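A.B. asks: Handing you this structure, nothing more for now.
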Amino acid sequence: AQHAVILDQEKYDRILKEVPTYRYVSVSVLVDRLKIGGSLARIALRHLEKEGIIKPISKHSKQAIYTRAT
Amino acid sequence: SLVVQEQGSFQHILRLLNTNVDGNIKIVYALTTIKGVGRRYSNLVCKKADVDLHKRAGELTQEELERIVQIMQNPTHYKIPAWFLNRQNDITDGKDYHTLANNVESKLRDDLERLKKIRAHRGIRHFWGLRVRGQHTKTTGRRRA
Amino acid sequence: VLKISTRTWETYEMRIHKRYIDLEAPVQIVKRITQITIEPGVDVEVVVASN
Amino acid sequence: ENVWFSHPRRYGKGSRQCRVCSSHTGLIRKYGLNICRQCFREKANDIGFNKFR
Amino acid sequence: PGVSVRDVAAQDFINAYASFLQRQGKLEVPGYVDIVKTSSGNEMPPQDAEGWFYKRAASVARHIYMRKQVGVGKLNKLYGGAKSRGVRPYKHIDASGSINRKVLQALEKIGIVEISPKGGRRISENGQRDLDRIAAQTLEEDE
Amino acid sequence: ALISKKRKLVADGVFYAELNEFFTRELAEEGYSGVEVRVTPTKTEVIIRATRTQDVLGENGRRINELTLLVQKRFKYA
Amino acid sequence: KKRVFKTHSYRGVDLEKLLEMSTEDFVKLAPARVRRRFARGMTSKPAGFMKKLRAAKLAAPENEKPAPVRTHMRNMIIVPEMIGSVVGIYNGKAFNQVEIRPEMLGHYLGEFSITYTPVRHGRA
RNA sequence: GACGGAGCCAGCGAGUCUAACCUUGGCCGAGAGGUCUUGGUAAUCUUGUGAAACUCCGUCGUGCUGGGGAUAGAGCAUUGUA
């Protein structure tokens with residue numbers, strides 16, 4: 001737990017303003033942007049796949065690929 | 001789960017059961033920083049206290065944490081079935097305590113301490129800097145003392 | 001197939017050959033075919049109707 | 001007429017013998033031929049545990 | 001075309017049938033649910049804490065459709081696993097016999113399973129019925 | 001009987017071993033060359049193939065009597 | 001002062017009702033090891049020991065320590081019947097004269113006789 | 001990669017008579033274990049040894065950590081005269 005296993009309001013808004021141009025988003029991506037850890041990185045992946053922005057083309061946890069909605 | 005939007009309700013490090021507990025990680029293993037409440041025990045406390053398991057320690061408004069406090073020093077009072085404990089049929093009052101952070105080692109102490117009231121070979125094997133569970137001291141365990 | 005580990009190590013094995021021939025037969029020639037053709041080594045088991 | 005001559009000899013390594021040579025040590029107990037392993041190596045043709053392969 | 005639960009993949013059926021018996025409410029979740037280990041070859045209690053019993057009921061039901069019979073000890077041999085022996089490598093142990101036996105009694109109470117002759121549990125006619133029916137449901141939700 | 005066939009054949013081998021070693025120790029000065037065991041109905045024939053079997057036959061019923069008796073009384077044979 | 005202090009408790013049972021209760025109620029509330037010990041072996045285990053034990057407890061020199069009652073039953077659980085008596089315990093030699101204490105209940109006599117002079121690395 | 005579900009797969013094998021081996025099944029128990037039968041002297045039943053490594057679905061998120069299971073305690077039981 002380096003940081004951000006909680007959501008700290010401005011982080012998800014900075015995600016919505018910083019996932020354009022992300023060709024590559026996943027669990028490890030939402031960790032490695034100096035951001036949300038793998039517990040609720042899955043939550044923000046589920047909540048951006050909830051509407052619009054990221055589109056999935058693979059399958060399971062430990063291995064994902066989600067994209068910009070183009 | 002889901003994005004929630006929570007506020008200064010998210011509060012970092014707090015003291016429950018006489019020790020300080022880190023925030024923003026899962027309550028089940030936040031409580032395993034506390035002595036006497038193991039991973040199984042803290043998991044079952046977070047289940048039986050009607051607590052969402054998936055939350056952090058940063059969550060958990062005070063009622064659920066106070067009920068967790070109330071559970072951990074009252075095990076069979078809130079139905080922990082006494083196989084799930086560590087000090088069954090105690091040694092003096094004969095009850096079933098789940099002893100806690102500043103108690104469990106103390107009661108652990110008491111077990112070892114009463115050996116010096118009895119003179120059994122257990123305490124005799126304890127005193128010399130050895131292993132009381134009978135395994136060999138000839139070859140293994142060489143970083144010892 | 002049976003194996004025998006033995007002690008610089010060592011191993012043997014084994015051979016149980018077991019068959020059944022069913023002769024639904026009169027008792028006369030059963031008694032004849034069991035008294036005749038005796039032989040060293042072979043075990044004959046003469047059991048009766050399939051129950 | 002003697003009352004003190006026996007420990008329980010029903011189990012343990014002393015509970016049996018090699019039928020050739022009294023041995024507790026090396027005794028084969030698979031299929032109950034009850035031979036010590038060195039005499040097993042010797043009498044394995046007399047009993048018929050042959051080296052086949 | 002016709003369906004069977006052999007005709008359906010197992011995992012998505014078992015999720016749908018766990019949710020289906022959740023809908024049903026015919027449970028027999030004796031009372032020691034989630035204070036229990038559910039398999040002696042494991043350490044921690046299950047993660048969902050409201051259920052794991054419908055999951056196991058679904059697994060036992062489909063596994064009994066696909067087989068002649070299994071017993072209490074056969075489900076212990078199935079849902080047991082390799083528990084770590086710590087300083088020593090792994091080894092397989094029969095699971096908790098109570099939990100699997102109570103799943104058998106639960107599915108017997110609903111008429112999803114029946115105590116088999118030769119020993120064990122056969123799938124019941126209502127068991128075959130309900131399994132193949134919501135297996136058709138599990139396919140037609142993915143059609 | 002009630003003997004597993006594995007144990008049956010191993011026990012038969014043990015019996016032939018006791019035959020071979022015992023009749024080796026016994027009839028060595030008759031030039032013992034071998035036993036063979038042939039069970040028929042009503043008989044179980046241990047044949048002493050040897051060089052000097054007239055010293056085995058005995059005086060008009062002797063030591064072959066006594067040898068069958070030794071085998072009889074040890075092995076509980078009728 | 002009026003309070004004669006208190007007695008210790010074995011597992012929730014004080015000494016005054018420990019000594020004058022039984023062997024078998026004690027091994028009831030004694031743990032699974034002692035309960036498994038006295039569940040089997042019902043064929044009078046402290047046989048000569050109890051008779052000589054009570055004989056020296058009655059031959060005790062007027063509220064002094066009783067005479068030594070020597071045995072090889074290292075595996076004998078101290079039961080509240082023998083509290084206040086004197087037991088001689090073997091270890092290879094060395095019959096250790098041991099007072100049975102009120103608190104000593106539930107454990108083996110062989111735990112009270114050390115079977116070796118310990119290690120002495122060097123120590124000339 | 002831990003953790004739990006969830007899929008659930010081998011071959012080499014060993015098995016009790018003038019006794020107490022493999023154990024199915026069915027209950028009871030988180031369990032340990034216990035109970036009661038049942039089959040197998042074994043291509044017959046244990047056993048199709050439904051083995052794990054493996055596959056899916058996430059709880060974890062890079063943290064002597066949920067990795068690792070050293071220490072240690074108390075209880076329950078089984079092996080055995082102990």
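Labels used: A, B, ... for chains in the order of the structure tokens, numbers from 1 for residues in each chain, and numbers from 1 for ligands as shown.
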Could you give me, as an NGL selection string, the residues within 10 Å of residue 30 in chain G, counting only C-alpha atoms (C1' of nucleotides) and dropping anything in the same chain fewer than 5 positions from it?
C.D. replies: (:B and (89)) or (:G and (10-11 or 24-25 or 35-36 or 79 or 105-107))
A.B. asks: Please produce a file of the residues just selected, as a PDB file, in the first residue's frame, where the atoms kept are N, CA, C and O atoms.
C.D. replies:
ATOM      1  N   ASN B  89     -10.791 -23.761  28.529  1.00  0.00           N
ATOM      2  CA  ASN B  89     -10.830 -24.356  29.881  1.00  0.00           C
ATOM      3  C   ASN B  89      -9.637 -23.874  30.715  1.00  0.00           C
ATOM      4  O   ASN B  89      -8.743 -24.652  31.050  1.00  0.00           O
TER       5      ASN B  89
ATOM      6  N   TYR G  10      -7.859 -25.931  40.005  1.00  0.00           N
ATOM      7  CA  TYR G  10      -7.269 -26.751  38.950  1.00  0.00           C
ATOM      8  C   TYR G  10      -7.703 -26.302  37.561  1.00  0.00           C
ATOM      9  O   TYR G  10      -6.853 -25.959  36.739  1.00  0.00           O
ATOM     10  N   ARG G  11      -9.005 -26.378  37.273  1.00  0.00           N
ATOM     11  CA  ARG G  11      -9.634 -25.774  36.094  1.00  0.00           C
ATOM     12  C   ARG G  11     -10.992 -25.197  36.465  1.00  0.00           C
ATOM     13  O   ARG G  11     -11.985 -25.386  35.752  1.00  0.00           O
ATOM     14  N   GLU G  24     -11.596 -40.047  39.250  1.00  0.00           N
ATOM     15  CA  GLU G  24     -12.167 -40.059  37.910  1.00  0.00           C
ATOM     16  C   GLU G  24     -12.898 -38.758  37.578  1.00  0.00           C
ATOM     17  O   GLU G  24     -12.953 -38.363  36.411  1.00  0.00           O
ATOM     18  N   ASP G  25     -13.434 -38.050  38.581  1.00  0.00           N
ATOM     19  CA  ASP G  25     -13.969 -36.713  38.304  1.00  0.00           C
ATOM     20  C   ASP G  25     -12.845 -35.737  37.981  1.00  0.00           C
ATOM     21  O   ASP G  25     -13.018 -34.808  37.172  1.00  0.00           O
ATOM     22  N   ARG G  35      -7.474 -37.527  30.225  1.00  0.00           N
ATOM     23  CA  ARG G  35      -8.739 -38.229  30.019  1.00  0.00           C
ATOM     24  C   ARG G  35      -8.555 -39.458  29.137  1.00  0.00           C
ATOM     25  O   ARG G  35      -9.191 -40.493  29.361  1.00  0.00           O
ATOM     26  N   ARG G  36      -7.664 -39.375  28.148  1.00  0.00           N
ATOM     27  CA  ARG G  36      -7.359 -40.539  27.325  1.00  0.00           C
ATOM     28  C   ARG G  36      -6.477 -41.530  28.086  1.00  0.00           C
ATOM     29  O   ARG G  36      -6.556 -42.746  27.866  1.00  0.00           O
ATOM     30  N   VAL G  79      -2.851 -37.117  40.959  1.00  0.00           N
ATOM     31  CA  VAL G  79      -4.296 -37.083  41.131  1.00  0.00           C
ATOM     32  C   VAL G  79      -4.494 -36.453  42.508  1.00  0.00           C
ATOM     33  O   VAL G  79      -3.561 -36.484  43.320  1.00  0.00           O
ATOM     34  N   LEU G 105      -1.319 -30.807  40.069  1.00  0.00           N
ATOM     35  CA  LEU G 105      -2.298 -31.744  39.532  1.00  0.00           C
ATOM     36  C   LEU G 105      -2.315 -31.774  38.008  1.00  0.00           C
ATOM     37  O   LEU G 105      -2.172 -30.741  37.346  1.00  0.00           O
ATOM     38  N   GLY G 106      -2.494 -32.980  37.458  1.00  0.00           N
ATOM     39  CA  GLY G 106      -2.761 -33.167  36.050  1.00  0.00           C
ATOM     40  C   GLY G 106      -1.604 -33.670  35.213  1.00  0.00           C
ATOM     41  O   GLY G 106      -1.776 -33.847  34.000  1.00  0.00           O
ATOM     42  N   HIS G 107      -0.430 -33.885  35.796  1.00  0.00           N
ATOM     43  CA  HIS G 107       0.727 -34.184  34.968  1.00  0.00           C
ATOM     44  C   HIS G 107       1.529 -35.373  35.493  1.00  0.00           C
ATOM     45  O   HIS G 107       1.342 -35.852  36.612  1.00  0.00           O
TER      46      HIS G 107
END
A.B. asks: Could you tell me, as a list in words, which residues of chain D DSSP assigns to helix (DSSP H, G or I) when given the backbone?
C.D. replies: residues 13, 14, 15, 30, 31, 32, 37, 38, 39, 40, 41, 42 and 43 of chain D
A.B. asks: Would you mind listing what lies within 12 Å of residue 44 in chain D as a list in words, with only C-alpha atoms (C1' of nucleotides) counted and same-chain residues fewer than 2 positions away left out?
C.D. replies: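 The neighbour list is residues 4, 6, 11, 12, 13 and 14 of chain C; 28, 33, 34, 35, 36, 37, 38, 39, 40, 41, 42, 46, 47, 48, 49, 50, 51 and 52 of chain D; 10, 13, 14, 16 and 17 of chain F.
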A.B. asks: Atoms to include: C-alpha atoms. Write the selected residues as an mmCIF file, in the first residue's frame.
C.D. replies:
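Produced file part-v7.cif, reproduced below:
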data_model
loop_
_atom_site.group_PDB
_atom_site.id
_atom_site.type_symbol
_atom_site.label_atom_id
_atom_site.label_comp_id
_atom_site.auth_asym_id
_atom_site.auth_seq_id
_atom_site.Cartn_x
_atom_site.Cartn_y
_atom_site.Cartn_z
ATOM 1 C CA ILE C 4 10.111 -55.836 -4.839
ATOM 2 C CA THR C 6 15.577 -54.691 -1.915
ATOM 3 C CA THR C 11 14.762 -54.475 -7.425
ATOM 4 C CA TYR C 12 12.866 -57.682 -8.238
ATOM 5 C CA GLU C 13 9.382 -58.275 -9.614
ATOM 6 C CA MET C 14 6.609 -60.781 -10.301
ATOM 7 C CA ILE D 28 10.956 -58.190 4.460
ATOM 8 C CA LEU D 33 7.640 -64.207 3.670
ATOM 9 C CA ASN D 34 9.419 -62.718 6.736
ATOM 10 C CA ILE D 35 13.014 -63.005 5.519
ATOM 11 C CA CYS D 36 15.787 -60.548 6.305
ATOM 12 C CA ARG D 37 16.891 -58.658 3.185
ATOM 13 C CA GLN D 38 20.323 -60.254 2.927
ATOM 14 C CA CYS D 39 18.900 -63.769 3.215
ATOM 15 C CA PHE D 40 16.138 -62.504 0.910
ATOM 16 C CA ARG D 41 18.831 -61.749 -1.660
ATOM 17 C CA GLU D 42 20.125 -65.307 -1.120
ATOM 18 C CA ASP D 46 14.104 -70.769 -3.196
ATOM 19 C CA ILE D 47 11.039 -68.587 -2.573
ATOM 20 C CA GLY D 48 10.923 -67.439 -6.189
ATOM 21 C CA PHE D 49 11.327 -63.664 -6.065
ATOM 22 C CA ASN D 50 13.392 -63.732 -9.222
ATOM 23 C CA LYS D 51 15.379 -61.014 -10.951
ATOM 24 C CA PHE D 52 13.295 -60.685 -14.128
ATOM 25 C CA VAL F 10 4.626 -66.355 -1.707
ATOM 26 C CA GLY F 13 7.618 -70.336 -2.307
ATOM 27 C CA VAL F 14 8.427 -70.182 1.413
ATOM 28 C CA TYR F 16 9.563 -74.877 -1.226
ATOM 29 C CA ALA F 17 12.392 -72.877 0.371
#
A.B. asks: Specify as an MDAnalysis selection string all residues of chain H found within 10 Å of chain D, counting only C-alpha atoms (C1' of nucleotides).
C.D. replies: chainID H and resid 14 80:81
A.B. asks: Keeping only N, CA and C atoms (P, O5', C5', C4', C3', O3' and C1' of nucleotides), take the residues you just selected and write them out as a PDB file, in the first residue's frame.
C.D. replies:
ATOM      1  P     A H  14       1.674 -54.450  -5.590  1.00  0.00           P
ATOM      2  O5'   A H  14       1.135 -54.071  -4.140  1.00  0.00           O
ATOM      3  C5'   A H  14       2.017 -53.683  -3.099  1.00  0.00           C
ATOM      4  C4'   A H  14       1.244 -53.239  -1.884  1.00  0.00           C
ATOM      5  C3'   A H  14       0.317 -54.276  -1.282  1.00  0.00           C
ATOM      6  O3'   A H  14       0.995 -55.135  -0.386  1.00  0.00           O
ATOM      7  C1'   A H  14      -0.857 -52.240  -1.559  1.00  0.00           C
ATOM      8  P     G H  80      -3.804 -48.879  18.821  1.00  0.00           P
ATOM      9  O5'   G H  80      -2.839 -49.147  20.060  1.00  0.00           O
ATOM     10  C5'   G H  80      -1.715 -50.006  19.947  1.00  0.00           C
ATOM     11  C4'   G H  80      -0.547 -49.465  20.730  1.00  0.00           C
ATOM     12  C3'   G H  80      -0.684 -49.500  22.244  1.00  0.00           C
ATOM     13  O3'   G H  80      -0.342 -50.757  22.800  1.00  0.00           O
ATOM     14  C1'   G H  80       0.035 -47.357  21.572  1.00  0.00           C
ATOM     15  P     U H  81      -1.312 -51.464  23.865  1.00  0.00           P
ATOM     16  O5'   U H  81      -1.172 -50.579  25.182  1.00  0.00           O
ATOM     17  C5'   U H  81      -1.972 -50.843  26.326  1.00  0.00           C
ATOM     18  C4'   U H  81      -1.251 -50.476  27.596  1.00  0.00           C
ATOM     19  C3'   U H  81      -0.501 -49.154  27.555  1.00  0.00           C
ATOM     20  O3'   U H  81      -1.346 -48.074  27.907  1.00  0.00           O
ATOM     21  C1'   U H  81       0.893 -50.867  28.461  1.00  0.00           C
TER      22        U H  81
END
A.B. asks: Pull out every residue of chain H that has at least one atom within 12 Å of chain F, counting only C-alpha atoms (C1' of nucleotides), and report them as a PyMOL selection string.
C.D. replies: chain H and resi 14-19+21+40-42
